[PDB]
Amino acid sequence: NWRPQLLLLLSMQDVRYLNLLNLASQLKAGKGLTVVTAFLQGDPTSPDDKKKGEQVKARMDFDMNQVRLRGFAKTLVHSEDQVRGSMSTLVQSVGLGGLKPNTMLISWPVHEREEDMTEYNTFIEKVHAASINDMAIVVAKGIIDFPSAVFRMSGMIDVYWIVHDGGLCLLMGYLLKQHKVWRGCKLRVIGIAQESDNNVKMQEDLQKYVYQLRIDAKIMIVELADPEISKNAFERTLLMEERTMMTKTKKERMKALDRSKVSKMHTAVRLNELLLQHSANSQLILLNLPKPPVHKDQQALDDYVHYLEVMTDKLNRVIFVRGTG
């Protein structure tokens, strides 16, 4: 009976903003209390930037009211080279006064021009900040944009349950299904079977699970080692590896790290082929968000983001979800 209490993080300078408000409102369906915080780059000691920030806050309060999202907004002014500590401090200090959000909601980072680099470069920090402060995190990904309360969807919502998460992905999909925007859809729960798993038992146990929770969902089990999917993904990967192509203890440590990199890339591509085969036309896909790298290198962030962009390439809407423990 746990439900998300949301904390939205945004960077200010329009589409991703209103999309995020719409998703937040549909998750909450008028209940709860949501905190929306916008980060505005400027001088935190300047009165002119302060009232600029309170104009933004007023505009955000109006918007929340329009999408019928119950809560309040807050603007935070930071200087450019301090966005990192300002964000992580907000997460540690939110609800010093009483409320405590248990769920962070953010947008997938953009990284096409130089303006976006502050939001791209803090992505891993935000993911770590959530789990370290006992919050789930939700990451919305999509250039195909998100419906408002004016629309009625009725296609597929696919929950891929491929990690032990206590059913967190499933809860998010079930919660959307309760809102009128998504109520018409068909919920599907897709398990991915490894070579040693028992597909029939996975199907039966998932069916008994949703039956006992009285959830109207279809159950499907797909094979990660599918011959066709594996051949296709391998051939695709080799072509990708050629584009971006344009003593003993530390030796073998180097080989092992490269091995795992190549292996992780082949896996991402195989997952993408599987998602395209089964959910190319799905209106919503919910996935676990994998553990981010422990290291702060720029290559580590670039690799993490690329892994996930490759994995979810050419899909419509993806929501990544990650809990705490």
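The first residue of the shown sequence is 1; numbering continues from there.
Count the deposited residues lacking coordinates between residue 150 and residue 151 and you get none at all.
For the two regions 259-267 and 40-48, the entry's Cα B-factors average higher over 40-48. Checked against the record, the higher mean CA B factor of 84-92 and 112-120 lies with 112-120. Of the candidates 240, 159, 192, 105, the deposited coordinates give 240 the top C-alpha B factor. Listed residues 314, 306, 16, 317 were ranked by CA B-factor as deposited; 16 comes out on top.
When the CA B factors of the chain's modelled residues are split into thirds, the value for residue 154 lands in the middle one. Residue-level temperature factors show residue 166 in the lowest third of its chain, judged at the C-alpha atom. Annotation for residue 53: C-alpha temperature factor in the middle third relative to the rest of the modelled chain, per the entry. Among the modelled residues of the chain, residue 301 sits in the middle third by CA temperature factor in this PDB entry.
Among the modelled residues of its chain, residue 199 has a C-alpha B-factor that falls in the lowest third, as given in the PDB entry.
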